[PDB]
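Visitor: Please read through the structure below; I'll follow up with questions.
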Amino acid sequence: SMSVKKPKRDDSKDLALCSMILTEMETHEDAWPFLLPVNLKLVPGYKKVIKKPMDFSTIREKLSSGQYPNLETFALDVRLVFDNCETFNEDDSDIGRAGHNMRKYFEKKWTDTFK
């Protein structure tokens with residue numbers, strides 16, 4: 001509350017560390033469905049169904065330009081990528097499986113870096 005604060009967690013490395021995680025997600029062999037924005041002219045249904053499209057290149061641009069206020073808003077966009085994927089793709093598809101694999105990969109790096 002006013003003049004009453006928990007001890008200050010050091011967040012000075014969060015930017016660099018989110019960048020490193022994002023690099024590792026970019027270079028994963030199953031990243032290919034997520035590298036670029038879904039083409040809304042060429043994928044029927046995507047624009048209407050997926051209210052907030054997100055992809056790794058968009059997160060990279062947001063990260064690089066100070067559009068994440070903190071590490072949690074960064075995690076929310078990464079998770080959005082996978083939530084969107086699950087919304088649009090059957091589990092038993094190459095892209096559906098990719099999304100599960102990448103979400104697992106992310107969540108482990110996230111826990112090991114920050115928890």
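FYI, nothing fancy with the structure tokens labels: chains A, B, ... in order, residues from 1 per chain, ligands from 1 as they appear.
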Set the distance at 12 Å and use only C-alpha atoms: which residues neighbour residue 10 (chain A) once local chain neighbours fewer than 5 positions away are removed? I'd like the list as a PDB file with N, CA and C atoms, in the first residue's frame.

Guide:
ATOM      1  N   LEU A  15      14.248  -8.012 -20.183  1.00  0.00           N
ATOM      2  CA  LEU A  15      14.254  -7.730 -21.642  1.00  0.00           C
ATOM      3  C   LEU A  15      15.184  -8.663 -22.401  1.00  0.00           C
ATOM      4  N   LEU A  71       7.457  -8.481 -18.106  1.00  0.00           N
ATOM      5  CA  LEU A  71       7.639  -9.861 -18.628  1.00  0.00           C
ATOM      6  C   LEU A  71       6.278 -10.627 -18.723  1.00  0.00           C
ATOM      7  N   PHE A 114      12.665 -17.853 -14.856  1.00  0.00           N
ATOM      8  CA  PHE A 114      11.993 -16.855 -14.037  1.00  0.00           C
ATOM      9  C   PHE A 114      11.364 -17.383 -12.706  1.00  0.00           C
TER      10      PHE A 114
END

Visitor: Any idea what's packed within 12 Å of residue 57 (chain A), counting only C-alpha atoms, ignoring anything in its chain fewer than 5 positions away? Could you give it as a PyMOL selection string?

Guide: chain A and resi 19+22-23+25-26+31-38+62-64+77-78+81

Visitor: Measuring atom to atom with only C-alpha atoms, identify which of A:11, A:89, A:69, A:83 is nearest to residue 45 (chain A).

Guide: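 The closest residue to residue 45 (chain A) is A:89.
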
Visitor: Have a look at CA of residue 115 (chain A) and CA of residue 61 (chain A) and let me know their distance in Å, one decimal.

Guide: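 Interatomic distance here is 25.5 Å.
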
Visitor: If you run DSSP on the backbone here, which positions in chain A get helix (DSSP H, G or I)? Please write them as a PyMOL selection string.

Guide: chain A and resi 14-27+32-34+46-49+56-64+71-88+94-114

Visitor: Using only C-alpha atoms, which protein or nucleic acid residues come within 12 Å of residue 49 (chain A)? Drop anything in the same chain fewer than 3 positions from it, and give the result as number ranges by chain.

Guide: A: 40, 43-46, 52-53, 84-85, 87-89

Visitor: Looking at A:16, A:95, A:102, A:54, which one is nearest to residue 76 (chain A), with distances taken over only C-alpha atoms?

Guide: A:54

Visitor: Can you tell me which residues surround residue 105 (chain A) at a distance of at most 12 Å, considering only C-alpha atoms, apart from same-chain residues fewer than 6 positions away, and format the answer as a ChimeraX atom specification?

Guide: /A:21-22,24-31,78-79,82,98-99,111-112

Visitor: Do you have the CA of residue 18 (chain A)-CA of residue 101 (chain A) distance handy?

Guide: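 We find that CA of residue 18 (chain A) and CA of residue 101 (chain A) lie 18.9 Å from each other.
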